[PDB]
Amino acid sequence: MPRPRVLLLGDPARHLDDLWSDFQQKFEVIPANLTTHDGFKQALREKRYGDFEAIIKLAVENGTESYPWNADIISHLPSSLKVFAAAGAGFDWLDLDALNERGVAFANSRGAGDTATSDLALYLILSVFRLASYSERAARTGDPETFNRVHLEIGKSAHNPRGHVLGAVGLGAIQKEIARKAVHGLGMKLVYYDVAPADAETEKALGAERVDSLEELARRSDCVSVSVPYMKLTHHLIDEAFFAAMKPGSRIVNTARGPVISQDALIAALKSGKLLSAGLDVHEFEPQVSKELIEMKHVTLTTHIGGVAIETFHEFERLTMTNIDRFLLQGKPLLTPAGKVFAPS
Amino acid sequence: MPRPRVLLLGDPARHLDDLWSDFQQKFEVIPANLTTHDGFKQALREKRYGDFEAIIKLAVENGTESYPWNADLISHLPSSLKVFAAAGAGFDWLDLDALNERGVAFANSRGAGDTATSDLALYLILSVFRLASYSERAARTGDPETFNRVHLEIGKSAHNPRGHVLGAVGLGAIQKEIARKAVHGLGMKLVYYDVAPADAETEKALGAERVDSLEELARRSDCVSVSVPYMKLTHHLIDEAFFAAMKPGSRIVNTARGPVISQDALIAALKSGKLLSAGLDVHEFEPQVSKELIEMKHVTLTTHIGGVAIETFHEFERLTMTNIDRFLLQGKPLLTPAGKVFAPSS
Ligand SMILES: NC(=O)c1ccc[n+]([C@@H]2O[C@H](COP(=O)([O-])OP(=O)(O)OC[C@H]3O[C@@H](n4cnc5c(N)ncnc54)[C@H](O)[C@@H]3O)[C@@H](O)[C@H]2O)c1
Ligand SMILES: NC(=O)c1ccc[n+]([C@@H]2O[C@H](COP(=O)([O-])OP(=O)(O)OC[C@H]3O[C@@H](n4cnc5c(N)ncnc54)[C@H](O)[C@@H]3O)[C@@H](O)[C@H]2O)c1
C-alpha cells in the first residue's frame, strides 16, 4: 500500500511516546508548519502536502493558527481526505457540515476531560460557598490587619455546601461527575434541568430531581452549575430572566462555555446582591476576562483550566491516534465520532 | 430548688434563638458583664454572682476580657462549679489541668467544624493538583496574553488527584472526612500515619493503609494532608527531614495549625523543586503569612478559613448548650469532654 499520509496541525505528541512512535511506524506524518490562516489555505491550494488521507490535532491549543476551519478553507482540502481527528469536545472553530459534505469523517476527543473538568467545577462550588477566592487575595497582601478583618468578614457569609441544593443546568457526562462529587462527597442535594431525562439509575443514584424549565431550576437553587454544549440555542441561555428567578444571595458556576451566560446580566446580578458570589472558568469574551468581575469581592475566575490536566492530554493523544489507526488500518469505526458517520477503510 | 445557675461569658446566643430560649428557661443565666481579668478575679472573690454550677462561652471570641484562665483565677471560682463548656477547638487561654484540679469538668466544641474544615482541605488539595491559585492570579491581570500563557503553562504540571496518593498525617475526625471526600470523591488513594490505629469498619470503608513513620508516609505520598493537634510533640513535626523523604514534585496541604510544618523547611523544599505546590490555610507566624510563600506561583494561601462557616458556629452554640443540659439536667456525660472526665448529676 502501504502508509497512509497524515497531516499534523501543530505539535507532535508530548506524552504517549511509544504510541506516537508506533503511529509514525504505521503512517507518514506530515508536519503542517502553520503560519497564518491565509498561508495555510495558500498551501492547500498549491497541493503543498500532496494528497493526504487524515488530519491529526493532538491538543486543543495546537493548530489554532489554521483557524477558522470554515467552508472556504475546507474547499481546498485534497479529496483523498478520509478522516480528521481532534483533541477536545468543542469544535467551535470547525464547520462540521462543510467537512461532512466532502465525505470526510470527524472525530473529537469526548470523555477525555471528564475527571478534570468535574474537579475544577467542584473547586468552584467550594470557592463560591466559602468565599475562598477573597480569602486568598487577602492572604496574599501579606498584611496582618487584612488577614484578620477578612477571616472575620467571611464568617458572616460562608456556608457548607452540605444540605444546600445544586441546580444542574444540563446533566451530561461532566455534570454527572460534578453531581456525584457534590452529592456524595460534599452532601448537596440535586435538581436538574435537561433536554432529556437521566435513566432510572442515575436519578436514583444521585437523588436527582428533574424540573421542567430553567426558571424552576433557578428558583430552587443555592448554587447553579452550568454544563451545557455551546451553540446558537445555548447563547445567553443564562440571562436576566434567569437571575431574576434565583434566590437572593445564591451562587453560580460556569465550566461550559463563556457566552452561555450573559456577562452583563451576571455583573448586574452580583452588583444588585441577587448573587452572593460567582465562579467562572470560562468567559464570554475569552481570552479577555471581565474587568468588572475582577474588580469585585466574591467572584472566582480561572484561565479555562477545566480539562487542563496531564491525564486529559494522555487521553487526547490516545484517542486521536487510536481513531485514525482504527479508521484507516483496521476497518473499525471511530471511537468518538461527531456529525455524519462514514465507512472505515 | 429548680434552675441551676449558669455564668454566661460574654455575649448571648446569636444563631440558635429557640434553643437559647429553652436554655434560659431551664437555667438561671447570669451575665458576667466582664471588665478585665483582675476585675473578674475580684467579682469571684466578692461572690458577685453567687454560687453557680456552669460557665457557658458561646463563641470563640466571647469573654476574652477574662483571659487568661490561669490557676490564680481558677482558684476563686465557687465550689459549686461542676462544668465549663466552650465554643472552639483550642483552649490556649485556659489552664486545663488547673481547672481539673478543682473538680470542674471541661467541654469544648470538637467536631462542630468537621464539615467546614474537611471541605476547605479538599479545596486546597484541588488547588495543589491543578495549580488553580496560579490560574486565579493569571485571570485577574485581565491581560489576554497572561490568560493564554498561564493556561498553557499550567498544562506542564497539573494533574488529576484521581489515582494519586493522599498521605494522611493524623487520621482523626477531620481527616476521616477529608479521606472520605478525597477517596470516594476524587478517586485518590489513602495511606495514613496516626498514634492510634483505626478500626476495620473505617479502614475497610476508606481503603486505608497504615504506615509506621513520618518518613514512610512522606515516601508513599503524592499529596500530604496535615491534620494533627498542635502541642509539644507536633511542633515543627513536618521538618527538613520530612521534605527530604518526599517524592520529587510532590505536594502538601496544612489545615491543622501554623507551626506543625516548619515554614523554612517548606520554603526550601518548594525552592529546590522537591515540592511542586502547597496549600496553607494556617501559617507559622499567623496572622503574618510568609512573604516568600506569597511570591511563589504554586503556593495556595488562605486566611485560616478552615472552620469558618455559618454552620460551624451554629454547632458551637448547639454543643455548648447541649453539653450543660446533659451534664446537669439529664444525668448524662458530656458529648465533647476535654481533660479529666467527671460524673454527671440530674
Ligand atoms: N471547562 C472546560 O475546560 C471544559 C472542557 C471540556 C468540556 N467543557 C464543556 O462541557 C459542556 C458539555 O458537557 P459534556 O460535553 O461533558 O457532556 P455531554 O456531551 O454528554 O453533554 C451534553 C449534555 O447536555 C444536555 N444538552 C444538550 N444540549 C443542550 C442544550 N441545548 N441545552 C441544555 N442542555 C443540553 C444533553 O442532554 C447531554 O446530556 C460543553 O459546553 C463543553 O464545552 C468544558
Ligand atoms: N483550619 C481550621 O479553621 C481548623 C478548624 C478545626 C480544626 N482544626 C485543626 O484540626 C486539628 C485536630 O484535628 P481534629 O479536629 O480532627 O481533632 P482530632 O483529635 O480528631 O485529630 C487528631 C488526630 O491525630 C492523632 N494525633 C494526635 N497527636 C498526634 C501526633 N502528635 N502525631 C500524629 N498523630 C497525632 C489523634 O489520634 C487523632 O486521631 C487541630 O490542629 C485543629 O486546630 C483547624
Side-chain angles (χ1 to χ4, degrees), chain A residues 89-90 92 110-111 114 117-118 120-122 124-125 128-129 159 161-232 234-270 272-282 284 306 338:
Chain A
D92 344 60
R110 157 184 53 81
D114 284 2
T117 301
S118 58
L120 204 264
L122 202 73
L124 292 173
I125 293 171
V128 301
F129 269 99
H159 265 102
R162 178 187 204 186
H164 292 81
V165 186
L166 174 73
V169 170
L171 196 62
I174 297 172
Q175 190 98 82
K176 297 212 182 108
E177 273 303 276
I178 293 165
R180 168 194 76 70
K181 298 167 177 164
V183 181
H184 300 116
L186 295 199
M188 301 187 73
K189 291 155 162 76
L190 182 79
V191 332
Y192 74 104
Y193 162 84
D194 196 17
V195 309
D199 54 307
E201 251 211 283
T202 317
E203 283 185 9
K204 172 266 235 65
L206 320 170
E209 175 198 332
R210 194 195 195 176
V211 294
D212 306 323
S213 68
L214 293 171
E215 158 257 351
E216 272 143 359
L217 180 107
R219 198 169 71 235
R220 292 286 294 278
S221 288
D222 286 305
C223 180
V224 168
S225 175
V226 182
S227 182
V228 286
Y230 178 43
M231 19 147 145
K232 164 78 84 32
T234 65
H235 188 260
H236 292 189
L237 186 75
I238 305 292
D239 45 16
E240 288 190 14
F242 190 94
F243 292 116
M246 302 184 73
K247 316 200 268 170
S250 44
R251 302 157 204 84
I252 198 181
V253 300
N254 196 4
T255 60
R257 235 66 146 161
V260 168
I261 293 181
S262 170
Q263 167 167 292
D264 283 4
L266 175 65
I267 287 174
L270 284 154
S272 90
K274 166 54 63 80
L275 291 180
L276 177 73
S277 66
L280 310 176
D281 182 67
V282 293
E284 182 175 20

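When reading the values below, keep in mind they use all heavy atoms of this one structure, side chains included, and skip hydrogens, waters and symmetry mates. Chain identifiers are assigned alphabetically (A, B, ...) following the order of the sequence lines, protein sequences preceding nucleic acid strands; residue numbering begins at 1 within each chain.
- Within the structure, side chain to side chain donor-acceptor pair (under 3.5 Å) pairs that include any residue of residues 241-253 of chain A comprise A:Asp222-A:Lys247 (at least two apart or interchain).
- The stretch residues 205-228 of chain A participates, sequence neighbours left out, in no ring pair (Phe, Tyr, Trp, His ring centres under 6.0 Å) pair at all.
- In this structure, the separation between CG on A:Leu166 and OG on A:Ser221 is 7.0 Å, given to the nearest 0.5 Å.
- The side-chain hydrogen bond (donor to acceptor under 3.5 Å, both in side chains) test applied to A:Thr255 returns no partner, not counting sequence neighbours.
- Side-chain contact between A:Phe242 and A:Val224 is present, with heavy atoms from C-beta onward closer than 4.5 Å.
- Every side-chain contact (heavy atoms from CB on, under 4.5 Å) that A:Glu216 has, sequence neighbours left out, goes to A:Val211, A:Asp212, A:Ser213, A:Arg219.
- Every residue meeting the side-chain contact (heavy atoms from CB on, under 4.5 Å) condition with A:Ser227, not counting sequence neighbours, appears here in chain and number order: A:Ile174, A:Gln175.
- The two residues A:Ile125 and A:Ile178 make their nearest non-hydrogen contact at CD1-CG2, 4.2 Å.
- Of the inter-residue distances, the one linking A:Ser272 atom OG with A:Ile267 atom CD1 reads 12.5 Å to the nearest 0.5 angstrom.
- Contact annotation: the side chain of A:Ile252 approaches that of A:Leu266 to within less than 4.5 Å [non-hydrogen atoms, C-beta and beyond].
- Judged as a ring pair (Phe, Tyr, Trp, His ring centres under 6.0 Å), the pairs with a partner in residues 161-190 of chain A (not counting sequence neighbours) are, in order, A:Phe129-A:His164, A:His159-A:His164.
- In this structure A:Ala89 satisfies the side-chain contact (heavy atoms from CB on, under 4.5 Å) test with no other residue, sequence neighbours excluded.
- Sorted by first and then second residue, the salt bridge (charged side-chain N to carboxylate O under 4.0 Å, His left out) pairs involving residues 185-198 of chain A (not counting sequence neighbours) form an empty list.
- In this structure the side chain of A:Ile261 reaches within 4.5 angstrom of the side chain of A:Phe243, judged on heavy atoms.
- Counting heavy atoms from C-beta outward, A:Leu186 and A:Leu122 have side chains that approach closer than 4.5 Å.
- The closest side-chain heavy-atom distance from A:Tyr192 to A:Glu203 is below 4.5 Å.
- The side-chain contact (heavy atoms from CB on, under 4.5 Å) test applied to A:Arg257 returns A:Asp92, A:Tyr230, A:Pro259, A:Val260, A:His304, not counting sequence neighbours.
- Residues satisfying the side-chain hydrogen bond (donor to acceptor under 3.5 Å, both in side chains) test with A:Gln263, not counting sequence neighbours, are none.
- Residues passing the side-chain hydrogen bond (donor to acceptor under 3.5 Å, both in side chains) test with A:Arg162 are B:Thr115, sequence neighbours excluded.
- Judged as a side-chain hydrogen bond (donor to acceptor under 3.5 Å, both in side chains), and not counting sequence neighbours, the contacts of A:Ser118 are A:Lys181.
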